[PDB]
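Structure 1 and structure 2 below are the same protein chain in two forms, each given by itself as structure tokens.
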Structure 1
């Protein structure tokens, strides 16, 4: 299976079930019809040169223009109709097959999409929208062009080349056969080597192009700064040098295309000269008719027409196979966090959260939690704080099981979250993260995202609870207002309110505020804190905060130091104990004073 050479053959054999689905009957029928079109088309293009030969034969055999006019007429007509029929068959196979192609590449993409959602967070999917888009565009284009060239150029040419070998064998040579075979081998080898060199030149050109373009764009988007320093000539010279470098590379890349074409024509035309001279010589001895000259010439040109593109074809097919392999690699990549076999659903009857001796790090060379243990009572409002090495920033990710502990475990109610389904576990948890993100869609879509079947009543209710309802009401399109980019831009508080609303639609027993106010300004922070407190009403709530004053009203505060639970208690108990929390508090307090001094 996967236990193979990992060449194009493996990738292709892997792709084969997509083309011959065994899910879909209609598509299989389409495949068969396309293959029939290939065969009819080839039979037609192989037959038509014979008709041309006979027409010439009739006009040379040959005392006069006698009953032979009728014969010659019939045969040229057969030839022309043959040409049209060949093209008709080719275009009909493309037309029949196209749906199969489209479904196959769609299903491949969907499989990759699904596996990517199953894969680990640590792949760190944080990148540029335009760049990933450019990569995906280039790649889909790649796989499509490859697929088309393999099925509809290379394969028909293999059939045709074999047929020409047999026919040339039975009717000529067999010096003809070896001559053509050598011509084809020299042709492919030359095209291949020249193409490898060409692909390198292309890559250099593409890079230089990107550089000239980047300079131009950076300049235009910094028009103000350029004016401030009167730097127009400078930026112009800067674009110009880059542009020249690009143009030089482009001239080389294109010229190499000229060289490939010339090499190809040399090979074809040596073959043509040889075949035709030899055919004429065979004519002189009465072995071959004059029509044979026409016949061989047509067979050779027809054979070498698809090979006119072989370079591009080669490049394309190669790249496609690469890209497709990349796809399959993702599908194969193993999943770090998985449900255990026959994992039960998590049943939340009493929403306690337990960390039991948790040892964890994102990477095995940097341990962060060194045996963290704590208990959060059901329905309590708890805070988790600490200085720079505490490891509090792992809590949310562990609770949602983005990762597993190296040692120890997390429990919700009485149950190890590692032994339940990921879906039930996440169904029980709400989060308002530090940087809330909006989908490129309406505000209603964004709020309703909290639960799958969320009704507009639920959206209104959540928006009310998050106290963002009025702001939406004063929008012309209300809930149907598009947001994100390209959409309406929300303030930080408005975004955090959309996130809160989203979690309200979910209505989870356990709610986490994960540095929820850390990006907000002071007034925004203070405003949203009453909403958060209200929204924590009958939930078990865990708030991870940098700034202690924002969580001082907690039922209890867990203080972490060096990946372990250092101190525990109410804000007052902790101030009395005069330990780490008190120091932190004093420190922050002092700092708040200093800023106010200015």
Structure 2
């Protein structure tokens, strides 16, 4: 089991590897093989061509059996040029071919993570900032992609070439040459890495300061009026100038350290150039080596250290990518709190009754909210759930869609423990109008159509009518194609709740929940929409959870919760008659409504 290992880069990459070698596609497997073959051809070519250079030199200095020397040299020079062009071609062909492999791989990883995120429990509250989260995911995507590219198309070939060059230097020179270049590459890597850590620290500081300056400027601009009102121009300008200066200093330091890494790098490389070319020419002096061997060794070395010119950035980015990807898998690895049981059957709603059987529950184990709540909602009946501040009614909706499970006890629909049925069918039996209805960044038509997967234009029309929002849409310039939400037309509160009613209508569920539906609304809007809602609840089981008792007074029966249990149960008149908790409540709210009316 791969998860039973050390949590380092290697483990991340071993986890990512199946995405590159699917066994499910085979097309991409072919693309992978093709790409590796282009890598091998590219290396073959770039390693081959400098011998063509050497041979051209030899033919011009030992024209003893290389004759006519003109023809031999011309042949080898053209061989070399053609070699260069071909090495390039093989490289871009491996890039192009593998691009599809990379995009598909990271795409499937992204898809898996998305799915899992939609499987995890609500308690993570993934309702935050669009701009921040998007800056983060953008950042991470750029990160993982860059590490992917650098790994497959810089580090891998450079290791191939590094070993090939070791082999060739071993068989044809040295071996002092081999130990010299290996010592060289080790020093270059150690140096680049240690310096790069320092540079990454400086880089982060520069980016923090930049953010601060930009933020200052932006905050000043979006507040032009206020800056005008209090004549604070000079103040704001100076206030930006200091931040700006701070940034400039940070940037100067950062771009200086870049210079030091470059100098250290060139120092190492060019000592090795000096030493190796000296040894080669001296070796020629003794009649052991040709003059073409100078050209050969030199070209071999510059070709070797060209890709390592970027090692710093590469190292910074790859490292970071591997960090981000660890995180990806960490999410995929987090366990799912609410899961379907194995071979779960579907919920079969023949007669839509609702049962709470002794439910104990709380969002956290150190604060219990339902203390053994029990009740029966009869099929087709309309009931309400009211109670004071600790009653625990705001758990009901969430327990019913099974966003969470009870600590103890159960919830049934038609006599079926909803914890033993498939979550999708369970939620298929449920409608909800929430207090805060949210709109997708899309058209009002799409948002209404959302209630059911394959919804027709007719179904949408029918529902918008049944919610009484059809006329409002008719008067819109673009009608159903009107873009709404953020970045689009702002809808009123009543309108949004009407869209929501419409949605649940498209879904047409056998059980409907109003979960503080109108508590976000003004009084007249509430009064208006209450009639609409009253209409929609016609022949369904409906459960209304409300702060204001008056808006639910017409219930077939009312459930009164206190301290997480069922305190009172019955018709509005029975409850006012018992002079118990519901009565008290009623009275108090009434008093409030009176007092507020006086202040005019």
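The term rigid core refers to the maximal set of C-alpha atoms that superpose within 1.5 Å between the two forms. Residue numbers count along the first chain shown, from 1.
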| query | finding |
| --- | --- |
| Core-fitted Cα difference of 2 Å or more between structure 1 and structure 2, single residue among 397, 106, 227, 419 | 227 |
| C-alpha of residue 43 moved at least 2 Å between structure 1 and structure 2 on rigid core | no |
| Core-superposed comparison between structure 1 and structure 2, residue 66 Cα displacement 2 Å or beyond | yes |
| Angstrom shift of the Cα atom of residue 79 between structure 1 and structure 2 (superposition on rigid core) | 1.2 |
| Displacement in Å of the C-alpha of residue 530 between structure 1 and structure 2, rigid core kept as reference | 0.3 |
